[PDB]
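Down below is the structure, laid out as structure tokens.
Laboratory data are not the source of any read-out in this text; all were calculated from the coordinates shown. Neighbour counts run over all protein chains shown; Cβ positions are idealised from the backbone, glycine included.
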Ligand SMILES: O=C1CC[C@H](c2ccccc2)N1Nc1ncnc2[nH]c3cc(F)ccc3c12
């Protein structure tokens, strides 16, 4: 048992809710919140901009030191950093950005990072401003992640479409 509330169960291990991931994280304080990161960990907008804003920019300060030491992430890759006031840890995962021409095939590699964590609160990777089809992202998530994932979908119309179209 865990403290996630109000989720619809899609599969043995995947759950989904219409929720603002920032407010969800603040309430639950999960062990792991996933960020929709880019390779430079520049949290400007989308999920990343919202999560970083909620940390009063501490996520960005930490991220800038990480990049100065380690260089950029790979598309499809990840790193574990602090969750600040939102979670124990933040798993920054880079899904492909279709609006940059990045290979959508890398979405499966991106979701594979979730399997290193027993339980996660997450957005749909490559959705939103990353330009991929969220229905596809949900399918890849269900077919790739084997650990317990709680998906927060900000947009109510999209959430309803994802549920109603789920196979
Ligand atoms: O709901 C959906 C459908 C997919 C889309 C998405 C876009 C970018 C990254 C990851 C997912 N997206 N966005 C969010 N999903 C969950 N919590 C969110 N908090 C936010 C706060 C904001 F200022 C802006 C957006 C969100 C947001």
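Structural remarks
- Count - residues of segment 139-162 that are under 18 Å from residue 92 (Cα atoms) and within 9 Å of the ligand (Cβ to nearest atom): 3
- Counting the residues of segment 9-57 that are exposed (fewer than 15 other Cβ atoms within 10 Å of the Cβ), part of a helix (DSSP H, G or I) and in contact (Cβ under 8 Å) with a residue 60 or more places away in the chain gives 1.
- Any chance residue 76 is surrounded by fewer than 18 Cβ atoms within 10 Å (Cβ to Cβ) and either within 15 Å of the ligand (Cβ to nearest atom) or part of a loop (DSSP other than H, G, I, E, B) (or both): no
- Scanning segment 91-143 for residues that are in a strand (DSSP E or B) and surrounded by fewer than 24 Cβ atoms within 10 Å (Cβ to Cβ) yields 91, 119.
- For segment 21-48, the set of residues classified as near the ligand (Cβ under 8 Å from one of its atoms) and within 19 Å of residue 77 (Cα to Cα) consists of 36, 46, 47, 48, listed by residue number.
- Residues within segment 24-40 that are more than 15 Å from residue 120 (Cα to Cα) and out of contact with any strand residue (DSSP E or B) (no Cβ under 6 Å at 6 or more places or on another chain), tallied: 3
- Some residue of segment 130-138 being away from the ligand (no atom under 11 Å from the Cβ) and within 26 Å of residue 1 (Cα to Cα): no
- Hits in segment 98-125 (condition: near the ligand (Cβ under 10 Å from one of its atoms) and under 13 Å from residue 77 (Cα atoms)): 125
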